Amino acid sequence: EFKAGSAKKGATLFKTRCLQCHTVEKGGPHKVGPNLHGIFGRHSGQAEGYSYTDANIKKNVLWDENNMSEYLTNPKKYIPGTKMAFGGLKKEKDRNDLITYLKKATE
């Protein structure tokens, strides 16, 4: 299950693995992937002005720390048909660290 990790390690993981396709700040632009502001507590496939796949919308997951960890373990396994071209974060340490950071960065 999800447990709070290191947000500093999380921020680096975000910069090096996620930032190329995602912004986190309020009003931040959409890039290859949607801006993630307010992602926790919002259903999947609902960021304003972003064109998602039917699969992402269909999943209809209410994003929380635990399901985000499961999704980030392997995105294509959790949401079959996703256009998010990312293999996943295989270490639970990395997922805990990234999510601790993301919970704050996207608030």
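Numbering starts at 1 and runs along the sequence shown.
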Checklist entry - Can you tell me which stretch has the higher mean Cα B-factor, 54-62 or 31-39? => result 54-62
Next on the checklist: Mean CA temperature factor from the deposited coordinates, higher in 73-81 or in 22-30?
Outcome noted: 73-81
Next on the checklist: Please place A105 in the lowest, middle or highest third of its chain according to the CA B-factor in the PDB entry.
Outcome noted: lowest
Checklist entry - Sorting the chain's CA B-factors, does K91 end up in the lowest, middle or highest third? => result highest
